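Take a look at the structure set out below.
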2 protein chains.
Amino acid sequence: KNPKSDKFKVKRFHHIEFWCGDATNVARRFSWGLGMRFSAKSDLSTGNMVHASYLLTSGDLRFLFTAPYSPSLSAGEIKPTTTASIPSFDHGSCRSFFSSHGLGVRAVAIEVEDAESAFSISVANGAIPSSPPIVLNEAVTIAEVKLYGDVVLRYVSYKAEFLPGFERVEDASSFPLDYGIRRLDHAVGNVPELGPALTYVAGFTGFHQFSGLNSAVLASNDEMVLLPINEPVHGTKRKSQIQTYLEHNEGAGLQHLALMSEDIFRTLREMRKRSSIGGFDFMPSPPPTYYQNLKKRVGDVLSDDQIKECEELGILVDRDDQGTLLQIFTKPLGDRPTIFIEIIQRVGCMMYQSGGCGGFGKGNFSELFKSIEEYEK
Amino acid sequence: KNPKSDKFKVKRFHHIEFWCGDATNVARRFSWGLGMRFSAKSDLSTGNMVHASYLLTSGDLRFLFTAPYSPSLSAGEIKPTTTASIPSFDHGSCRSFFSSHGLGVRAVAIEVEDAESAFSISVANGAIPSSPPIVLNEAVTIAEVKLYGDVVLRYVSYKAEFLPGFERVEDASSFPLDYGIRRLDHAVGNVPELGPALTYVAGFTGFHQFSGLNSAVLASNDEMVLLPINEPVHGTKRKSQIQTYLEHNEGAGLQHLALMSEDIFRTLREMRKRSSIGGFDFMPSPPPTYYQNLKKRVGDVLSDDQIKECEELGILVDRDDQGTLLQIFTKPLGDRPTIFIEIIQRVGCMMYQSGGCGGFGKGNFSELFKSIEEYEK
Ligand SMILES: CS(=O)(=O)c1cc(C(F)(F)F)ccc1[C@H](O)[C@@H](C=N)[C@H](O)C1CC1
Ligand SMILES: CS(=O)(=O)c1cc(C(F)(F)F)ccc1[C@H](O)[C@@H](C=N)[C@H](O)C1CC1
Ligand SMILES: [Co+2]
Ligand SMILES: [Co+2]
């Protein structure tokens, strides 16, 4: 059941913004680890005396990395005279965010028809305003409301180059890396209480509902913008990783970004080659009993060779009644056991491919436990 | 003239510690960019609830990257019960350092005979104490005095594995990168006033004295520990880069680390291959007139082919009356135009090679200006 109850026209995920202590080093690490090209900048060389912002792209995926300069560089500015390209930026907020949470996602940005209308409608329906609509160069409008913790939902709308004041990067500095990642599939938050978080976000967006945790997924009308939320389950045998997240993050925040690949085999080969030379690490692989059990449930979708390829790369597989799901999880992206990345590829639900085809892998909780006990015995 | 006036026995440079917002991302970036192996860690997986510290090594060069966790993880600890492996660490100091200066060097660490004696003698001779001597596992002693700005000179002495509480890294995570860098040659600070800075540091160490700036070099008895200091020269045609440093850094701090390579050709080929894929960028190369002029002054040291190799890699060459110097400078290591790296190789002054053989390249200021005007006309 899709009631299509979006209170304003939502298009697609637009970008994810990380708040950093040093944007350069995080952006360079992520570029190499994920195969994303440097495509835009806003920093001292572009006249921005407030923050350094570097944009990485892979297909439609846009990762933005932002860090504050010394406030002294901009102490003579006021908001009407700012050189910041992102007018919602605030030195104090950014330093407080980073000091509190470590490296993590500040903004989940979605493109909308009219960011001013989205902001106004959201706040009229209970959204806590974070930054009011601001029109950039009479061309782009940006607005921000609180999503959970210190994460904001950022609305961006274009009249007709990422944002005004950003410059396209000199191609000598722009190496065309590409490991196959193409778009953001879903962005997941961790909260202490799932119920109130769902009520709040679904309340102001009109988005509809799509061990150790309970979760639920909020979705836009065409189910292309997917915002799941997790809460911990207490009293479990193993401590809930959601609670560990909340402790190490100092509260609610973004837990994982799921990045769609057009060729998850290639993506994982390229990422795994780079794990120990500056890239990202992956979670421990499931025992081979897991891949022994793959034939019984996805053998009509993947060949034995394609299953063997999942086994050599550590890929997990799930399927609902509509499509099949390939996925894998990285180790945490930074010092704290908080944010990590999922790589995903979906097969089926062609009409283009509908949103959330195959689900989100919830069956892999029971399948992993099964395979673990099976390999043990 | 070397009076050999060290007030305590100094051995060699031991490590450089960067204070970071996220140690993981900076360490991974630096590892790939410089060809340094991950060799030790102290973090949550080793019981350290206070700070995350990752050690990179290349030959004798040791780069340490440290960031604070949430203080809540260690709120029940006191100093006698700390899980920090570096007992001088303080969350508030680290956050204040990073917020003030951005990514940069907190500690220049030198190995000494007796860190307690070095600390006591230093403070008796005017050093401002920063952290008193602490004996780690009855095996290593660490002490810290102020050097300049918020940079400390750290003394380390060993009775007889980097520091107690650090673990050697699982070799799967330890890829044996190596681009030829072998040791720290010199570590340079920027101050507003060279005179008072020199008097202070030479006062408590007994170290002896070895455009847009004035500089001077302080050296230990065998001139293996080299600590130059720069001050700006005001009223110049172009703004002094030392003053830009002081403005963007919020005061004095470490300006550049010069890393000796046993094969600077190889090092630069390997680093330049990685500049646009996560590594470090290099300053713009000198005009070819510079390399046309190399024959007249170093043609008895380098062949035409070896000179051509310097030209293709952008290497600068200088020479005093004792040895010859190959050098090159990176662009700033992070967001701010503050700290950068020099790669260096020295030829001559064999007895092993004496310290500072060939000087520090001060002749390349006039040679660069010459070559620029020559190529212009
Ligand atoms: C939460 S998870 O990152 O721990 C995780 C863990 C596994 C497992 F392989 F460990 F079983 C499998 C899938 C996931 C997924 O991400 C999904 C949760 N069911 C999804 O994102 C949605 C919340 C909607
Ligand atoms: C300061 S520097 O990093 O701007 C720099 C710049 C050039 C030039 F190629 F630009 F001319 C050449 C060499 C250097 C050096 O590092 C040395 C300073 N003379 C040294 O470290 C010592 C202070 C003792
Ligand atoms: Co997921
Ligand atoms: Co130098």
Side-chain angles (χ1 to χ4, degrees), chain A residues 4-8 10-11 13-19 40 42 51 53 55 57 60-64 66 79 82 84-90 93-94 97 104-158 160-166 183-189 197-208 217-229 252-254 257 355:
Chain A
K4 291 199 162 76
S5 44
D6 291 358
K7 301 192 156 74
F8 43 85
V10 170
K11 292 168 94 64
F13 278 128
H14 190 268
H15 64 266
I16 295 299
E17 182 177 18
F18 293 80
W19 268 2
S42 172
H51 57 93
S53 291
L55 174 79
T57 58
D60 286 350
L61 183 67
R62 294 216 226 225
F63 275 3
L64 183 65
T66 300
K79 275 183 188 197
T82 193
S85 52
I86 302 170
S88 61
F89 183 87
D90 178 82
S93 302
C94 185
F97 178 103
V105 174
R106 166 55 171 187
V108 175
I110 60 170
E111 179 181 7
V112 299
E113 216 179 47
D114 178 347
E116 162 148 40
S117 171
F119 177 87
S120 293
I121 294 170
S122 292
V123 171
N125 283 279
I128 302 189
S130 196
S131 169
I134 295 131
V135 182
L136 308 178
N137 198 34
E138 309 174 271
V140 191
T141 302
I142 299 184
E144 300 176 10
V145 299
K146 300 197 180 197
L147 184 61
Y148 34 65
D150 297 318
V151 184
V152 301
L153 190 64
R154 173 178 290 151
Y155 303 134
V156 49
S157 62
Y158 294 85
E161 186 260 4
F162 167 67
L163 290 177
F166 279 74
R183 72 170 182 96
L184 184 65
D185 186 87
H186 58 273
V188 179
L198 272 197
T199 304
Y200 168 67
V201 178
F204 77 77
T205 59
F207 289 168
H208 62 276
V217 181
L218 291 179
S220 61
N221 277 357
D222 60 15
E223 310 198 317
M224 293 278 88
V225 166
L226 300 174
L227 295 179
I229 304 184
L254 194 125
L257 302 160

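The basis for the numbers below is simple: all heavy atoms, side chains too, and nothing from hydrogens, waters or symmetry mates. In what follows, chains are A, B, ... by sequence order, proteins preceding strands, each numbered from 1.
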Exercise. Going through the checks in order, is the side chain to side chain contact (heavy atoms under 4.5 Å, CB included) test met by A/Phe204 and A/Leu153?
Worked result: CA-CA 11 Å; A/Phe204 77 77; A/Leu153 190 64; 3.9 Å; yes
Exercise. Going from CG on A/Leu136 to CG on A/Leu163, what distance comes out if it is rounded to the nearest 0.5 angstrom?
Worked result: 6.5 Å
Problem set entry | Flag side-chain contact, heavy atom, 4.5 Å: A/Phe63 against A/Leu257 | yes
Exercise. Distance-only, no hydrogens or angles: does the A/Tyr148 side chain make a donor-acceptor pair with backbone N or O of A/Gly189 under 3.5 Å?
Worked result: yes
Problem set entry | Separation of A/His208 NE2 from A/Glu223 CD (nearest 0.5 Å) | 3.5 Å
Seminar exercise, completed: Heavy atoms of A/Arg154 and A/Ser88 approach each other most closely as NH2-OG, 3.8 Å
Exercise. About how many Å separate CZ of A/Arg183 and CE of A/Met224, when rounded to the nearest 0.5 Å?
Worked result: 4.5 Å
For this session: Go through A/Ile134 and A/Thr141 one step at a time and tell me if the side chain to side chain contact (heavy atoms under 4.5 Å, CB included) criterion holds.
Result: CA-CA 6 Å; A/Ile134 295 131; A/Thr141 302; over 6 Å; no
Exercise. Under 3.5 Å, is there a donor-acceptor pair between the side chain of A/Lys11 and the main chain of A/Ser157?
Worked result: no
Problem set entry | CD1-NE2 distance between A/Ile86 and A/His51, expressed to the nearest 0.5 angstrom | 4.5 Å
Please list every donor-acceptor pair under 3.5 Å in which a side-chain atom of residues 118-130 of chain A meets a protein atom from a residue at least two apart or in another chain.
from     : atom 1 : to       : atom 2 : distance (Å)
A/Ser120 : OG     : A/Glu116 : O      : 3.1
A/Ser122 : OG     : A/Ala118 : O      : 2.7
A/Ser122 : OG     : A/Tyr155 : OH     : 2.7
A/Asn125 : ND2    : A/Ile121 : O      : 2.9

Exercise. Out of curiosity, A/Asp222 CG to A/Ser220 OG, how far, rounded to the nearest 0.5 Å?
Worked result: 4.5 Å
Problem set entry | Closest non-hydrogen atom pair between A/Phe13 and A/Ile110, with its separation | CD2-CG2, 3.7 Å
Exercise. Is any side-chain heavy atom of A/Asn221 less than 4.5 Å from a side-chain heavy atom of A/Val10?
Worked result: no
Problem set entry | Within-4.5 Å side-chain heavy-atom neighbours: A/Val188 and A/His186 | yes
For this session: Given side chain to side chain donor-acceptor pair (under 3.5 Å), test A/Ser117 with A/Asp114 step by step and report yes or no.
Result: CA-CA 5 Å; A/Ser117 171; A/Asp114 178 347; 4.8 Å; no
For this session: Could you tell me whether the side chain of A/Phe207 reaches within less than 4.5 Å of the side chain of A/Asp6, counting heavy atoms only?
Result: yes
Seminar exercise, completed: Closest non-hydrogen contact found for A/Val135 with A/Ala139 is CG1-N, 4.2 Å
Seminar exercise, completed: Here the pair of heavy atoms bringing A/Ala115 nearest to A/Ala143 is O-CB, 4.0 Å
Seminar exercise, completed: Heavy-atom closest pair (A/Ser85 atom, A/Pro164 atom, distance to 0.1 Å) is CB-O, 3.8 Å
For this session: Answer whether the closest heavy-atom distance between the side chains of A/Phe166 and A/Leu64 falls below 4.5 Å.
Result: yes
For this session: Hey, could you give me the CZ/CG distance between A/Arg106 and A/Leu147, rounded to the nearest 0.5 Å?
Result: 11.0 Å
